[PDB]
Amino acid sequence: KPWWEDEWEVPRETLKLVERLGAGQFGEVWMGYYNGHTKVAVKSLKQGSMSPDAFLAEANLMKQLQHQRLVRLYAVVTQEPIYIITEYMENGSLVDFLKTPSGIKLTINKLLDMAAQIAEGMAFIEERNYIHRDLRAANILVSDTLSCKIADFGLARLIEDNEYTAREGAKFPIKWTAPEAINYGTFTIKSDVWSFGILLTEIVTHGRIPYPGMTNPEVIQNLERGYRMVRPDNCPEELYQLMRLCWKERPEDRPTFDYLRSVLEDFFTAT
Ligand SMILES: COc1ccc2oc(C(=O)c3ccc(Cl)cc3)cc2c1
């Protein structure tokens, strides 16, 4: 729909940018208000840093994935500078939150709860025929009520035929990315399942970098030998075995996100 018909379009006037939360190569993230009373996050595009088409493609994709477990698109302003306005998550990113004093006092019981909420969001994405491609604790946001939601849908893609193949030159974070995607550019929901395994390590270690004290070439090499990430300190063995399922050699052997959800809920009502 054109801007004058789009229900997500709002006049820039409805928005007040209050607190700058981040700034990068491609623009800024703010805490702001919509119509005076409603707290929102506002992401702004720095002109010329990147295509306005590429920027807005994130919003158009969030028009197709609306669920409680996923950061919701609130609105767009499609005139320069371009704004994407989303659901505000008061506790910021999972990776930062688990390091704060509140984050530090969480029981293993609440961590497993939070892991099940994330699996539940990814079960929606899986069922809708999408992939995320960037699933990691930096991209799970936490609310004021300590509930979690999937965020940052910049790399998210609809799958018609099973695979999305990346370009020959494209680079992805070696520690969070499934081998087949790093190696062949091929992504599937089963690649996100591999990422979820890594994300489980970050939950149980309060946001520590995966594969403690290894470089990327060491990680790739260990994996090819059949090794997997060393048992993180104070990791229940049940959860460690759930991570191993996510890291099965063959994509098709890795579990569904709905299986991961149900196992995690069992782990949690048992603690
Ligand atoms: C300064 O730390 C914080 C605290 C709270 C915070 O909330 C957010 C968000 O809600 C958010 C929402 C959507 C995007 Cl695309 C990026 C960030 C970012 C953020 C950063």
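Numbering of chain A is taken from Swiss-Prot, so the residues present carry the numbers 231-501, in order.
Heads up, the Cβ atoms here are built off N, Cα and C, so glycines get one too.
Listed features, source Swiss-Prot:
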type	residues	note
DOMAIN	245-498	domain 'Protein kinase'
BINDING	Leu251, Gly252, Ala253, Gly254, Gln255, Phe256, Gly257, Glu258, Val259, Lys273	ATP binding site
CROSSLNK	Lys276	ubiquitin cross-link
ACT_SITE	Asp364	active site, proton acceptor
MOD_RES	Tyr394	phosphotyrosine
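Here the Cα atom of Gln255 (ATP binding site) is found 26 Å from that of the residue listed as 'phosphotyrosine'. Mapped onto three states, the DSSP output places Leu251 (ATP binding site) in strand. According to DSSP, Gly257 (ATP binding site) is assigned to a strand segment. Sequence-ordered, the extra residues of this chain that approach the ATP site, with Cβ no more than 8 Å from the Cβ center of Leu251, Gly252, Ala253, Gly254, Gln255, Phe256, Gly257, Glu258, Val259, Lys273, are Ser274, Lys276. Taking a Cβ cut-off of under 6 Å from any atom of ligand 1, the recorded positions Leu251, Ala253, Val259, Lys276, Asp364, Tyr394 reduce to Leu251, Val259. Of all the recorded positions listed here (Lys276, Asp364, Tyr394), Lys276 has the Cα closest to the Cα of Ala253 (ATP binding site). Here the Cα atom of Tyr394 (phosphotyrosine) is found 28 Å from that of the residue listed as 'ubiquitin cross-link'.
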